[PDB]
Amino acid sequence: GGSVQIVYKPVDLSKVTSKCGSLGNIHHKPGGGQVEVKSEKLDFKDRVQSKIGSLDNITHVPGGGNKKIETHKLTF
Amino acid sequence: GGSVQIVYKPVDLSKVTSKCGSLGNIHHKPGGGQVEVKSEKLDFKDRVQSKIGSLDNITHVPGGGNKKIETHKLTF
Amino acid sequence: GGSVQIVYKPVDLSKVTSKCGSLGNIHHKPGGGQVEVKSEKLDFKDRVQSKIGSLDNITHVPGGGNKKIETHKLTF
Amino acid sequence: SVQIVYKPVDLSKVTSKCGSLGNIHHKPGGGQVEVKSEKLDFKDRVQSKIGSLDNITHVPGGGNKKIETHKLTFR
Amino acid sequence: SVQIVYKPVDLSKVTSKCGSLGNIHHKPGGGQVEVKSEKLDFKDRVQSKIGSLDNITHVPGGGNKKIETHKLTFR
Amino acid sequence: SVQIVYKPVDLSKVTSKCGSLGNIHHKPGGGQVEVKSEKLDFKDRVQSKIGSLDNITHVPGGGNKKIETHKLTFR
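Residue numbers (PDB author numbering), protein chains in the order written: chain B, 303 to 378; chain C, 303 to 378; chain D, 303 to 378; chain A, 305 to 379; chain E, 305 to 379; chain F, 305 to 379.
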């Protein structure tokens with residue numbers, strides 16, 4: 303007769319990904335030969351940042367966040 | 303007769319991922335040869351940051367967080 | 303008779319990805335030969351940033367985040 | 305009637321003289337050696353050799369090979 | 305009637321004289337050597353050799369090879 | 305009637321004299337050597353050799369090869 307059949311059957315197989323920062327790099331034998339600083343006085347004051355012959359790897363990742371809002375609704 | 307059949311069967315196989323920071327890197331034999339600082343006096347005052355021949359790996363990750371809001375609703 | 307059949311069956315297999323920053327690089331034996339700074343006096347004041355013979359890798363990633371909003375609705 | 309005389313003769317020599325043979329070194333003189341090294345940096349393999357007087361012989365070859373095949377077929 | 309005389313004779317010589325043979329060194333003189341090195345940097349393989357007097361012989365070859373094939377077929 | 309006399313004679317010589325043979329060195333003199341090196345940088349392979357007096361002999365070749373084929377076919 304008036305048979306009603308409903309199949310609410312969605313499928314979800316997605317991917318949300320974020321790759322932020324320093325990923326998969328290769329640093330092979332870095333470094334300088336000779337660094338020489340000769341003086342008579344070093345006078346650093348009031349927010350001095352000094353680097354002599356150093357190797358730095360810095361990474362700031364304030365972002366890279368994911369979000370996923372998904373709703374479903376079957377009204378009758 | 304007027305029979306009703308409802309199959310509310312959503313399937314969810316998703317992935318929410320975040321890879322933030324420093325992942326998978328390769329550092330092979332870093333470092334400088336010779337670093338020499340010769341003076342008569344070193345005078346550092348009031349927020350002096352000094353690096354001489356050092357190797358730093360720094361990482362800040364204030365983000366990289368995931369969020370997933372999913373609602374379902376069947377009304378008859 | 304008046305048989306009603308409905309099949310609400312979408313499929314999702316998408317991908318949302320973000321690769322931000324420094325990925326997959328190759329640095330092979332970087333570094334200068336000789337760096338020499340000979341002076342009478344070094345006087346740094348009031349927000350001085352000095353680099354002598356250093357190797358820096360810096361990475362800021364304030365963004366790179368994903369967002370995914372998806373709704374479904376079967377009204378009858 | 306058939307008659308066969310298969311009599312080869314062989315007196316060959318296969319000689320190899322490889323290297324330092326028969327030399328004469330009458331009072332050789334090594335000098336004075338000094339090696340002062342400081343503040344060095346090596347990032348890979350190193351092979352060092354220091355000395356005053358030296359005799360080296362290296363013979364990776366000098367090998368003999370001899371083949372010989374005889375064959376007498378009848379009918 | 306058939307008569308065959310297969311009688312080869314061989315007195316060959318295959319000689320190899322490779323290297324430093326029969327030399328004379330009468331009072332050779334090595335000098336004084338000094339090596340001062342500072343603040344060096346090597347990022348790969350190093351092969352150093354310091355000396356005063358030196359005799360090197362290297363013979364990667366000098367090998368003999370001899371082949372010989374006899375064959376006597378009948379009918 | 306048939307008569308065959310296969311009688312080759314061989315007295316050959318295949319000689320090789322490669323290298324430094326029969327030399328005379330009467331009182332050779334190496335000088336004084338100094339090497340001062342500072343603040344160097346090498347980023348790849350290095351091969352150094354310092355000396356005062358030197359004799360090198362390198363013989364990568366000098367090998368003999370001898371082939372010989374005999375054959376006596378009948379009918």
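Here a beta-carbon is modelled for each residue, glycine too, at the ideal position from N, C-alpha and C.
Taking C-beta atoms as the reference points, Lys375(E) and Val318(E) fail to come closer than 8 Å. For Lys340(A), there are no C-beta contacts with chain C under 8 Å, since the nearest C-beta of that chain is about 17 Å from it. Shown here for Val337(B): same chain residues with a beta carbon closer than 7 Å to its own, the five before and five after excluded, namely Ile354 and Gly355 in chain order. DSSP, reduced to helix, strand and coil, places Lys317(F) within a strand of the structure shown. Rounded to the nearest angstrom, the gap between the Cα atoms of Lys343(B) and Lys343(D) is 5 Å. The DSSP-derived three-state label of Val337(A) is strand. DSSP, reduced to helix, strand and coil, places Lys375(B) outside both helices and strands of the structure shown, so it counts as coil. For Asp345(F), a Cβ of chain B is located within less than 8 Å of the residue's own Cβ.
Contacts between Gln351(C) and chain A, judged by CB atoms closer than 8 Å, are missing: the closest CB pair is about 26 Å apart. Secondary structure of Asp348(C) (DSSP, three-state): coil. DSSP places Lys370(C) within a strand segment (E or B) once states are collapsed to three. Pairing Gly367(A) with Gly366(E), the inter-Cα distance amounts to about 7 Å. Going by C-alpha positions, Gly326(F) is about 21 Å away from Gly334(F). Listed along chain E are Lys343, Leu344, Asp345, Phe346 and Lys347, each with a C-beta nearer than 9 Å to that of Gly335(C).
About 7 Å separates the beta carbons of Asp314(D) and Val313(B), which is inside the 8 Å limit, making them a contact pair. DSSP places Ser305(F) in the coil class of the three-state scheme, outside both helix and strand.
If you ignore the 5 residues before and after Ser324(D), its C-beta comes within less than 8 Å of the C-beta of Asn359 and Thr361, all in its own chain and listed in chain order.
For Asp358(D), the three-state secondary structure derived from DSSP is strand.
Rounded to whole angstroms, the gap between the alpha carbons of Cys322(B) and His329(C) is 19 Å.
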